[PDB]
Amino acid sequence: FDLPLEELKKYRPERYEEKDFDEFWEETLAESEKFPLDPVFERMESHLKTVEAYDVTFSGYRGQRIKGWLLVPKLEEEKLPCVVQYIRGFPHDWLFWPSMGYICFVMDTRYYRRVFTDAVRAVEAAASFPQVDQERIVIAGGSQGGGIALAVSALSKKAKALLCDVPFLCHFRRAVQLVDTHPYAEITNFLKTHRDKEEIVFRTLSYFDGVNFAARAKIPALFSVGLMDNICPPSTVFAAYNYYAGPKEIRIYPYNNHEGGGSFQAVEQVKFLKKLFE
């Protein structure tokens, strides 16, 4: 259903952002940095044997006390690499990264101004665990999470690599004219009833568009895209990917919908991060 692959690879649409895009975000982060982070780790009761689990409390947007999980694999190593993973379920749903030898910080998004700020702070919280190797802090997400990660790749001093799967929050004006699926269809359904608010909806969403963070992000990244994904259509993902200003690679799954590369792509990430961190 979207542009052919030859053209997706060369797709660089005109970007829309306000003159204050950077002033808005610098100011948002400054406001929330005025409160100390005060990370608190609580060991939690778990049936898990290969992993230790912590309930983490930290200061996010405007000093509010947010929480995340910290999953630490039981390994000899005094210092471990770390994946901050954005979305929740159970701690046992996040076993992949710890099982591959990474500490995993799992943060649920509890508007985007608040969520992105919380997420930036989550990296700071993870970094503050003494076992975490700060040179190997990775940020990751798929869908809404991939969109959030992508923003964080431009906003976080501490993050060192990005794993961005099938991201949402990318190239809003194009998404809306290609698919009638949730979540992009919420915008369309808003505009259907507020016919006079097209300029303001899109000017507002421009502050949260992944394409605009991508153009700014300088850290290495691995993207994934499903060529049959009609939740997060390929032209949206390729727009962000192609504008992404750091060293990058994309794994293209031509027969997949929004599941993306699934478990195959998980292994690709492990391989990518291994090559990166040696």
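Rigid core (definition): largest C-alpha set, two forms, superposition within 1.5 Å. One-based numbering along the sequence shown.
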Figure out for me whether 211-219 or 37-45 is the more displaced stretch in 6 other deposited structures of this protein, taking RMS C-alpha distance from the shown form once the rigid core is superposed. 37-45
Determine, for 119-127 and 191-199, which one has C-alphas that on average lie farther from this form in 6 other deposited structures of this protein; superpose on the rigid core first. 191-199
Here the number of deposited-sequence residues unresolved in the coordinates between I87 and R88 is 4 to 9
Missing residues, deposited sequence, between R110 and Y111 (class: none, 1 to 3, 4 to 9, 10 or more): 10 or more
When the Cα temperature factors in the entry are averaged, is it 267-275 or 1-9 that ends up higher? 1-9
Of 252-260 vs 12-20, the stretch with the larger average CA B-factor in the entry is 12-20
Would you mind finding, among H182, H92, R121, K157, the residue with the largest C-alpha temperature factor in the entry? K157
Compare the C-alpha B factor of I200 with those of the other modelled residues in its chain, then answer lowest, middle or highest third. highest
On the chain's distribution of Cα B-factors, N230 falls within the third called lowest
What third of the chain, by the recorded C-alpha B-factor, contains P130? highest
How does the C-alpha B factor of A240 compare with the rest of the chain: lowest, middle or highest third? lowest
Using the B-factor values recorded in the entry, state whether the Cα atom of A30 falls in the lowest, middle or highest third among the modelled residues of its chain. highest
